[PDB]
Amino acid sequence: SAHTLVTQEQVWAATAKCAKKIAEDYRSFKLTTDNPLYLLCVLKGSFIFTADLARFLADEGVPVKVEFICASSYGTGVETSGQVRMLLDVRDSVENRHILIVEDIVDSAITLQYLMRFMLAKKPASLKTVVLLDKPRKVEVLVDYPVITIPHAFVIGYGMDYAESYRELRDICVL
């Protein structure tokens, strides 16, 4: 009851173009291993994207550190702020460091802005964002590196779930 939307080779092809585009944008920063690009992986749905994107960034000679954050939605009392409860926070300080928030798909603009405000509180040198799936409004202003464009659809596979199932599929499918 699922149809393929993007195959692994397509996702890889798109992620690899994204990696070169990232690599050329951060050239002017002279990144090093003591001052790398930090990949901020938002669990769970981003973990396979992060793993593949990291290695594509290695292909470009970009130095990478990998941080994970995990947050839980509130049942009530969130209207305009996208507040989520932080369960896992970064192991390393990110003061004056270059952060790339790695998302699979922007479910909630306002919740994305909240996470951005949370990281901005940590005084980073730069905050930018890379979203695997981009369905094209005026909250594209929040997304810097949209990897692949898709129509409005409930998707699974490639780390993304329906009810915790199907994260393990190589291709991205729709329901």
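One rule holds for the numbers: they count along the sequence shown, beginning at 1.
Going from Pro136 to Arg137, you skip over 1 to 3 residues of the deposited sequence that the entry leaves unmodelled. Stretches 25 to 33 and 114 to 122 differ in mean C-alpha B factor, with the higher average recorded for 25 to 33.
The stretch with the higher mean CA B factor, choosing between 139 to 147 and 41 to 49, is 139 to 147. Ranked against the other modelled residues of its chain, the C-alpha B-factor of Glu60 as given in the entry falls in the middle third. In the deposited entry, the Cα temperature factor of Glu95 sits in the middle third of values across the chain's modelled residues. In the deposited entry, the Cα temperature factor of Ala13 sits in the top third of values across the chain's modelled residues.
Ranked by C-alpha B-factor against the other modelled residues of its chain, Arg167 falls in the lowest third. Per-chain ranking of the deposited C-alpha B factor places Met160 in the lowest third.
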